[PDB]
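Next up: the same protein chain in two forms, each one alone, written as structure tokens (structure 1, then structure 2).
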Structure 1
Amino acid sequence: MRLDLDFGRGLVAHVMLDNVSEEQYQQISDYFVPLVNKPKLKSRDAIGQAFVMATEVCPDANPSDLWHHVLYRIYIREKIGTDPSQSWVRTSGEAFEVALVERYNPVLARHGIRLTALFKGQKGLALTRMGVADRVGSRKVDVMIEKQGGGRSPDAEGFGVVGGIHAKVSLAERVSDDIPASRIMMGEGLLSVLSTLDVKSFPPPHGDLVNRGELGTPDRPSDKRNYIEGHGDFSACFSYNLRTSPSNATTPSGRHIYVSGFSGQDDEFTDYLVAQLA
């Protein structure tokens, strides 16, 4: 599809949306738009549910493009009574957490694995149960990972924490927040996963608006890529930007960057969790 965009001040640009039809785009909008400003509905739920929806409708579309070029831009256009850009920041990040949990828990359940999005204080509780509370910040984990009959500090039903997910729509320099916490988690044998949509496009006039992300290429590794491939600051990285280049067959750290579509049943992320928690 061709998406036409107006950035104001007489500036007009367009970007290609592969494996998205004009009809498919309308499906998503007609679903997403009434939820953006809907009373008593958190926008994190609204955006997350929309991302789950959009990815099922266009399972061959780049999930990151649907997030960045569709959900983001529509949200900015439609959001009312609050600043659209800063509202987006507050709601879309947790929305990715909502979408990860919503998407993966049904498949992980049969293996006894459970994801839980941690909000505000819940983050503290997950870290206490992990045993890293003394050495890690109160809110430095996004999605908790639990196992039946496994992990540490089991609950009433026998679910113990085996690790956590650091969720970031985009990296920038903000990925450095997670690295110390991640390394301590890894130092306990806990899983510390970086899940990302790898969203980065450069807007006009200077940019072509192609969402290429910030991880570059494996042959010429940037410091961001080397966070995983060189330093091994995370157990694994899962990107849902199809333009993200996956790690080579081998890396110096042993840790890899994986790339897949969001929608489906079993994928490299599920397989990875199943294999590690076996």
Structure 2
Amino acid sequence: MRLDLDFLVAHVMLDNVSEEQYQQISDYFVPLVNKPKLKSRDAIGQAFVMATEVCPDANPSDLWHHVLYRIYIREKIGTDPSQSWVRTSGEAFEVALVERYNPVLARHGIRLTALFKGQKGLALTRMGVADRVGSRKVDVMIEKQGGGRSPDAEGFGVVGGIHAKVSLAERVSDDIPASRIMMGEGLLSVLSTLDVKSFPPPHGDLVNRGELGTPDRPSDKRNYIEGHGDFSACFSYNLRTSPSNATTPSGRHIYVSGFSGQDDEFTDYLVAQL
């Protein structure tokens, strides 16, 4: 369906999203935006999971960037920076990943756990890397029934971590030292991303292409994965993201898939490695 964006007016084609489906997503999300005692990360997080269920053939990144985002900044009451999309969207992505994958991962004993700003010291210490990375480095922790280090009472040990970045245009090179230190300790360092990147009018056409280019085109971002192997693996939910070729110099790959469903390349990856 066609979206009308006011900057000057511009349009963007939202493939595999019907007028009916947009409204169903909007009827779900809007009342949650200004709901008291309901954190923005939970409102946006659950909405993303719901939206991908409603439109399983639509580009998940487009649902994030062109639907949820533009509805939020339109419906959000107040300029409170602690409730900003910018301040909360990242943690909403973490919430979305946990909600989406843990039911599938539960069977194999694999457990995800979102880490929010200020409360990841326990996670990082148990991970044994807080020593060298600081208190603001890992977004989602990966634990495993049985194996791992610093197991809780239920026998869940830390086996790795996830850097959840909505856009790779972010300070992505900032997470690379921590990721290297993680991988060196025998921990999985996954880069989960929505690969959000569109350019606004007057010069951009607002198509969410991302920042990973193509394997035929030298991209510094892509070269982190396929060149230097600074992350264990890279998972994008922007359907426009060019996946890695069969072989890469580092042996690391950029996997691309939709967000809806049961098992995918992400769960199948975590199962094998763990």
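The term rigid core refers to the most C-alpha atoms you can superpose between the two forms while keeping them within 1.5 Å. Reference numbering: structure 1, starting with residue 1.
Between the two chain copies, the one drawn from the form deposited without the DNA is structure 2. Among the candidates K120, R174, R77, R110, displacement between structures 1 and 2 reaches 2 angstroms at the C-alpha for one position only, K120 (superposition on the rigid core). On a core-based overlay, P221 has a Cα shift of 2.3 Å between structures 1 and 2. Here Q86 exhibits a Cα shift of 7.4 Å between structures 1 and 2, evaluated on the superposed rigid core.
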